[PDB]
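In the numbering used here, the protein residues as written are 6 to 116.
No residue lacks a Cβ here, since even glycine has one placed at the ideal position from N, Cα and C.
Each remark here refers to the structure printed beneath this line.
Spelled out as structure tokens, the structure:
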């Protein structure tokens with residue numbers, strides 16, 4: 006643990022990457038984390054990516070790790086937006102959240 010702190014409750018909704026696609030959240034998370042500060046991180050991204058690379062990520066560690074870079078409040082809001090994103094994704098078939106199903110947008114990404 007890099008930095009201990011408090012998290013949200015919705016983070017206790019658990020998830021299942023084996024059911025939902027995390028890759029579809031890579032740009033969402035990467036964009037979120039990037040937008041959170043304004044620049045493309047890596048340590049925070051890796052944390053989510055590495056964590057989202059499992060079948061059962063620890064939102065606690067996610068928010069805890071995020072808080073290590075974020076302001077702390079953004080971590081709670083971020084997790085309460087991505088954690089739920091998977092919740093809906095895990096409810097899909099392709100493991101995609103309605104955020105992408107309904108809405109739609111290009112995929113921006115740079116080095």
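By the criterion of a C-beta distance shorter than 6 Å, residue 37 is surrounded in its chain by 83, once the five residues flanking it on both sides are discounted.
With a cutoff of 8 Å on beta-carbon distance, residue 74 and residue 49 are scored as near each other. Its chain contains 29 as the residues whose beta carbon lies nearer than 7 Å to that of residue 105, once the 5 sequence neighbours on both sides are disregarded; these appear in chain order. In the three-state reduction of the DSSP assignment, residue 89 falls in the helix class.
Membership of residue 104 in the alpha helix (DSSP H) is indicated by the continuous run 103-106. DSSP places residue 98 in the coil class of the three-state scheme, outside both helix and strand. Counting along the chain, residue 36 sits inside the alpha helix (DSSP H) bounded by residues 31-42.
Taking C-alpha positions only, residue 77 is separated from residue 98 by approximately 33 Å.
Looking at the backbone, the Cα of residue 90 and that of residue 59 are separated by about 16 Å. With a cutoff of 8 Å on beta-carbon distance, residue 92 and residue 18 are scored as near each other. In the three-state reduction of the DSSP assignment, residue 6 falls in the coil class.
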